[PDB]
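Here is what each chain is made of, one letter per residue.
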Amino acid sequence: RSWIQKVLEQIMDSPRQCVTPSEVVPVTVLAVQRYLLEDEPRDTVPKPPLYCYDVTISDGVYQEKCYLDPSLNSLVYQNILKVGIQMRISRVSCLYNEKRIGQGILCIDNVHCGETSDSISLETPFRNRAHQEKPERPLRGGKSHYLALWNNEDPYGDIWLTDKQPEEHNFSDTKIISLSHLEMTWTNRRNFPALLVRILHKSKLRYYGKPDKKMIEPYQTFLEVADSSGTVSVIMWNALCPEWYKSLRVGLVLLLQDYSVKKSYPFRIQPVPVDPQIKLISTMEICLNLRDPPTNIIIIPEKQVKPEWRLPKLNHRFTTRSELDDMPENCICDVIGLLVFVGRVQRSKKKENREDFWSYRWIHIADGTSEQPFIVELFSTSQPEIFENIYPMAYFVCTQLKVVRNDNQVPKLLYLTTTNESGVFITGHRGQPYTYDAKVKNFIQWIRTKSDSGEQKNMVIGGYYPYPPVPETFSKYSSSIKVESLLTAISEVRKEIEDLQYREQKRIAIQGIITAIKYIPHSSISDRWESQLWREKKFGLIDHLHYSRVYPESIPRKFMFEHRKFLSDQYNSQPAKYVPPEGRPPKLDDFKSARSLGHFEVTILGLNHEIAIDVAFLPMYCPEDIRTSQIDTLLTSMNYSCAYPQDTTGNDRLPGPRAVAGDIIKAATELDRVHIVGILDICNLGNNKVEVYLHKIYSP
Amino acid sequence: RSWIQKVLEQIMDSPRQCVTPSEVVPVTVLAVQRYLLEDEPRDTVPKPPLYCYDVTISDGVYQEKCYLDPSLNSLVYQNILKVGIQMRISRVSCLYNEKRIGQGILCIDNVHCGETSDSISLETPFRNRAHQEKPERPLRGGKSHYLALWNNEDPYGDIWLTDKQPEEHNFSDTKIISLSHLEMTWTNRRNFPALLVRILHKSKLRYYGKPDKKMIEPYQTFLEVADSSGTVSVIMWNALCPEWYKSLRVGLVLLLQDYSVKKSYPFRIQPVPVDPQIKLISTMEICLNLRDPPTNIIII
DNA sequence: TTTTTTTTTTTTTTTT
């Protein structure tokens, strides 16, 4: 028999009772689906976690979906409870979903997540066939739905339908009034007639679901649509995004018929159209709510489009690196280029809610117009299939990129960022979606010229990439940070490390003195230096923090199209559901390191000589940068270009890695008893793998 | 040159080590302030004092604000260590504040307080300019502040401002509701509209800064403002008190915006106003925290 | 005592 069935029979007739199971045999996790925790008593002092998770264990005989007790949510937060792990259940309890007629829900009250399972069989049947239903929904609570395991803007599950194709509708007997006319007469007329518009901007999803509120699929997406008489902001309400979101895209002629015109929202701004001729309507807004007969939205095909209507054409503000160099800040633009680098999918905490996160990742889009790549801060645009599976050597096109500039720092910062109404599309060979635009044709011409010339731009994927480089002087660094939180204590650092969540990144500043720096030939005369101060105070340290370890996934690795899937999966966000690995995968140490140096280990003794720490120094600058003076100092972590070397062909005479390592060690030795201000980078790679890499050493 | 300079140069390179000063020269106390003793280990059976003291001993040349070892607070409880006295420091130590960029701090660890000085100079320069920063703050801690020397219900220091003046806020399109309106509708109002209240009673300050919890300006004052017939016990939190307490007098017409509404604190005792005709709303209370823009509190 | 941010809302009259 199966441990699942044994436990179920053991605790089936004692609902909501904590019962240690008779026998504990490891079970295999196969999925972790997240959803909102609702219908629980929030009066409790430890406010219930905002979200709860369902774990789909398997026992070799049957696989059953379990509801993890929210008290254990920290395990999923730190990615300890992965997919395909050998967890052992120490406590179990039953629970009946009164909103449904089914069986008990095995509740995992206590667990001991272990190691990976060598036998991950997804062919096992489901003990409770209700669990194996086509629409994958949460165990508890009416018509509940699942959210993306990490962020709230990524569509996830099966409710997100993608089967809305154009339909031929005859417009005879239809009025299709102009948007300006509607703006004039939306406060008097009763039956708002039809509208023929074209989507010009599609924005990310917005999850406004709150606990203990009678809300069903609380999603809203903002669409800007334009006709021959202006443009308006169209908003899709809950229960409509699931059916239409994955299908609606920019450039689709829609026929909205039964809508609701409201006064518009003052806390949300309407993006300016690419073509200024389009008159902007700001006093009006169109709300699309799900209706009984699904006719409120119709995707009119292009073939039916008549020039007589003169519908506005989807334009684009495509920009090239050279042009971007001359564009003021906050000047929206579009970028088409070749992905020559992709970074980890890091996460940041929303400033509004402490339990929500943004998923972002840095990518160096590049073109033939300049020698520097577009640095784009790619936040999730509710396009997980493209965002998660993005790889170098791909023609990438984003839609709405706000320009961000900072000239105070000596390394002038010029990186683009994705806006709310942005979009991501991967292009293939000649411009697939945007061939007509001349800039796309020029980019394709450059691609062909490079291909026939035998030149290939260097490619990288993943790694430790703290793009924003701290300024050259601590005063300028602190000009933005508050005085009370500017610095921390070497002792308090431990809590900072222990507070981060999956891929949450943090930057802290610590006051101390470099005591001993050691060089670790990383890839496959003096490498260690010790300070007399260290030899004296090493025996009187209260707590010597040891975080000078570099993980294999923090080393950027040169991309290889053949191992594309493996390389991508080694740096994406943790998948929600297990998927068996094709054949055997290679070793993450089997790929060449895009870096060009070995990592050092820096020991810092606090100003009071009581506490110490061991950070790891991971410079990303090549010796050519040293020779041409593209680095503020040898103790920094980035060259000014903030980009990896391209087709390195000039290291024949330049000092080798060992010479640069000796220079770095000597520079560190120059700071013997000097109170320096280190800038550390704390990133938690999940599964209790927190990397603490040094960024900059601000000397007096 | 000076005793201060000699001792500091002697003990700068040995933080958290106790060294008898090379020379013991009487030094005049020119100031004595009191602040919370957080960041100390509360695991010792003799729990360290809830407050520590900073003494601005002055030599003939300079005066450098020092730190009094909490074990010496007995000399201040009896007022034996007062301003204007002459004392002979016997033990010193160097401590570095890890939340500020600055030089070492002299840690007084044993004194022999004598008698009043014959000549006290208030014009002696400050050796360390950091000590001379106009918004005076305690030597230890990041955003710490000095309390009053003896009682905790008296504003003290430069954090307390009196610069607030009446402002002519236009009421062209300001949505002003009544207190009873919130009383009936405050659990459904996603946004709480503006208010136009008038102060009736202003309470004495209350310091709730415990040593272990990390709080900034643990100052809290309860103001009984009454808009229209209704009256509620508004309560200002955190660092809002030392920006509006020395300025707000009873009878000032306040315009509170971007506020919060919650349940009345269980042990709260709302005072009855002079006029009985008013309604004493005692179910919900408006909390005024420091919003990033300075529009939350505007007096008309 | 402490404690912040976010959106959601459907419907049968007028003629002068």
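Residues numbered from 1 in each chain as written, not as in the entry; some residues may be left out. Chains lettered and ligands numbered in written order. Part of a larger assembly, values for the part shown. Heavy atoms only, no water.

This entry, as listed in the PDB, derives from cryo-EM and reports a resolution of 4 Å.

The helix and strand inventory of chain B stands at four helices and 15 strands. Put simply, chain B has 300 residues, and 48% of those count as buried. Residue pairs at least 24 apart in sequence account for 68% of intrachain contacts in chain B once pairs closer than 6 positions are excluded. (Helix = DSSP H or I, 4+ residues; strand = E, 2+ residues; numbered from the N terminus. Buried < 20%, exposed > 50% of the residue type's maximum accessible area, 1.4 Å probe, protein only. Contact = heavy atoms within 4.5 Å.)

Residue and element names in this part refer to chain A. Of all nine residues making up strand β31 (residues 690-698), nine are buried, and the element is well covered by its neighbours. With two bridges joining them, strand β29 (residues 611-617) and β31 adopt parallel strand pairing. Residue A616 lies in a different strand from β31, and its bridge partner there is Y693. The pairing of strand β30 (residues 676-684) with β31 spans eight bridges and is classified as antiparallel. The partner of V677 across the bridge, within β31, is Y698. Once β30 ends, the chain turns through five residues before running back antiparallel as β31, passing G686 with a positive phi of about 70°. (Pairing = 2+ DSSP bridges.)

Among the 27 residues in the neighbourhood of DNA strand C, the closest are listed as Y208 and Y265 of chain A together with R190, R206 and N289 of chain B. Take the atoms of DNA strand C that sit within 4 Å of the protein: sugar and phosphate atoms are 55% of them. In this structure, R206 of chain A approaches DNA strand C through a side-chain N or O atom, which is 2.9 Å from a base oxygen. At 2.7 Å, a side-chain N or O of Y265 of chain A approaches a phosphate oxygen of DNA strand C. Elements that contribute at least two residues to the surface near DNA strand C include exactly β9 (219-227) of chain A together with β9 (219-226) of chain B. (Near = heavy atom within 4 Å. Polar contact = N/O pair within 3.5 Å; in protein donor to acceptor, adjacent residues only side chain to side chain.)

Residue and element names in this part refer to chain A. The final tally for this structure, using the stated rule, is zero disulfides over all chains. No disulfide involves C52; its sulfur sits 11 Å from that of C107, the nearest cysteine. In this model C331 remains outside any disulfide bridge; the closest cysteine sulfur is found in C333, 7.0 Å from its own. (Disulfide = S-S within 2.5 Å.)

Our next topic: the UniProt feature "DNA-binding region" in chain A. As annotated in UniProt, the feature "DNA-binding region" corresponds to residues 186-289 of chain A in the numbering used here. With 4% helix and 40% strand, the stretch residues 186-289 of chain A has end C-alpha atoms that lie 17 Å from each other. (UniProt positions renumbered as here; feature names shortened; annotations may be inferred.)

Counting residues at the interface gives eleven residues for chain B and 16 residues for chain A. When chain B packs against chain A, the two sides together hide about 1300 Å² of surface, and 49% of this comes from carbon and sulfur. Contact with chain A buries area across many residues of chain B, yet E98, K99 and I101 of chain B alone supply 50% of it, more than any other trio. Summed over the shared surface of chain B and chain A, the number is one salt bridge. Of the charged contacts, one joins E492 of chain A and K99 of chain B as a salt bridge, the two residues approaching to 4.0 Å between their closest N and O atoms. Looking at the side of chain B that touches chain A, its residues break down into four nonpolar, two polar and five charged. (Buried area = accessible area lost by both parts, 1.4 Å probe. Salt bridge = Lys/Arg side-chain N within 4 Å of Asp/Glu carboxyl O. Nonpolar A, V, L, I, M, F, W, Y, C, P; charged D, E, K, R; others polar.)

As recorded in UniProt, the feature "DNA-binding region" lies at residues 186-289 of chain B. Spanning residues 186-289 of chain B, this segment combines 4% helix with 37% strand, and its end C-alpha atoms are found 18 Å apart.

Residues and elements named next belong to chain A. We note that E217 has phi near 45°; this positive angle belongs to a residue other than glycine. Within the element layout of this structure, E217 appears in the loop between β8 (206-207) and β9. Despite not being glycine, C642 shows a phi value in the positive range, around 55°. Relative to the elements of secondary structure, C642 occurs in the loop between α13 (623-628) and α14 (657-670). Since its relative accessible area comes to 3%, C642 is described here as buried.

Attention now goes to the nonpolar core. Residue and element names in this part refer to chain A. Membership of the largest hydrophobic core comes to 45 residues, with the highest contact counts inside it found for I363, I365, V376, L378, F396, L416 and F443. Here the element with the most residues in this core is strand β16 (residues 333-342); it accounts for seven residues. Once residues within four sequence positions are removed from consideration, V376 is found in contact with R361, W362, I363, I365, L401 and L416. (Core = buried A, V, L, I, M, F, W, Y, C linked by side-chain atoms within 4.5 Å.)

Residues and elements named next belong to chain B. When you line up the elements, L288 lands in strand β14 (residues 284-288). The exposure class assigned to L288 is buried, which follows from its relative accessible area of 4%. In this structure, the C-alpha to C-alpha distance between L288 and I235, residues 53 residues apart in sequence, is 6.3 Å. With sequence-adjacent residues up to four places away left out, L288 is seen in contact with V234, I235, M236, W237, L240, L256, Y259 and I297.

A separate point is the side chain of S568 of chain A. All names here are of chain A. Here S568 lies in helix α12 (residues 564-569). Its relative accessible area of 6% is what places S568 among the buried residues. For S568, the contacting residues outside a window of four places in its chain are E388, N389, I390 and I461.

Before going further, it helps to examine the environment of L50 of chain A. Residue and element names in this part refer to chain A. As for its position among the elements, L50 is in the loop between β1 (27-36) and β2 (51-58). Relative accessible area serves as the criterion here: at 10%, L50 is assigned to the buried category. Beyond its immediate chain neighbours, meaning those up to four positions away, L50 contacts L36, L37, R42, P211, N353, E355 and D356.

Moving on to a positive patch on the surface. Judged by side-chain charge, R206, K210 and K213 of chain A together with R190 of chain B come together as a positively charged surface patch. Here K213 of chain A is to be found in the loop between β8 and β9. Judged by its relative accessible area of 41%, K213 of chain A is partly exposed. (Patch = residues over 30% accessible without salt bridge, like charges linked within 9 Å, V, L, I, M, F, W, Y side chains within 5 Å. Areas by Shrake-Rupley, 256 points an atom, 1.4 Å probe, with all protein chains shown as cover. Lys, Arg positive; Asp, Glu negative; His and termini not counted. Charge placed at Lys NZ, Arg CZ, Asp CG, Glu CD.)

All names here are of chain B. For helix α1 (residues 3-11), the full list of buried residues reads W3, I4, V7, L8 and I11. Taken end-on, α1 shows its buried residues confined to a sector of 120°, consistent with a single buried face. Where α1 is buried, its residues meet β1 (27-36), β2 (51-58), β5 (91-95) and β6 (105-110). (Arc of directions from axis to C-beta.)

Let us look at the sheet that holds strand β3 (residues 63-68) of chain A. To summarise the sheet geometry, strands pair through backbone hydrogen bonds and adopt either a parallel or an antiparallel arrangement. Residue and element names in this part refer to chain A. Spatially, β4-β1-β2-β3-β6-β5 is the arrangement adopted by the six strands of the open sheet, whose pairing is mixed. Because the sheet does not close on itself, it has two edges, and the strands there are β4 (86-87) and β5 (89-93). When β5 meets strand β6 (residues 107-111), the two strands line up antiparallel, connected through four bridges. When the sheet's bridge partners are listed, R91 is paired in β6 with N110. Along the sheet, helix α1 (residues 3-10) makes contact with β1, β2, β3 and β5, crossing β5 at roughly 45°. (Axes fitted to C-alpha atoms, helices over the stretch in contact; angles between N-to-C directions.)

So, on to the pairing of strand β7 (residues 197-202) of chain B. Residue and element names in this part refer to chain B. As paired elements, β7 and strand β11 (residues 253-256) share two bridges and run antiparallel to each other. Its bridge partner lying in β11, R198 is registered against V253. Pairing of β7 with β9 involves four bridges; the strand directions are antiparallel. Opposite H201, over in β9, you have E224 as the bridge partner.

With that settled, the discussion passes to the pattern of salt bridges. All names here are of chain A. Taken as a whole, this structure holds 28 salt bridges over all chains when the rule is applied. Across the salt bridge formed by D632 and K696, the nearest N and O atoms sit 4.0 Å from each other. One end of the pair, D632, is in the loop between α13 and α14; the other, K696, is in strand β31, with 64 residues separating them in the sequence.

As a further point, take the side chain of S233 of chain B. All names here are of chain B. Here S233 is to be found in strand β10 (residues 230-236). Accessibility expressed as a relative area gives 4% for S233, which makes it buried. Excluding its chain neighbours within four sequence positions, the residues that come into contact with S233 are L223, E224, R268, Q270, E285 and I286.

Moving on: the packing of aromatic side chains. Residues and elements named next belong to chain A. Summed over all chains, the structure comprises 36 aromatic pairs over all chains. Taking the centre distance of 4.9 Å and the plane angle of 70° together, the rings of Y464 and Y693 count as edge-to-face. On the basis of relative accessibility, which here comes to 4%, the residue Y464 falls in the buried class. Seen in terms of ring centroids, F474 and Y477 are 5.8 Å apart; in terms of plane orientation they differ by 20°. Their pairing is stacked. You can see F474 and its partner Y477 sitting in helix α8 (residues 474-478), three residues apart, about one turn around the helix. (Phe/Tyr/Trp six-rings, centres within 6.5 Å; stacked < 30°, edge-to-face > 60°.)

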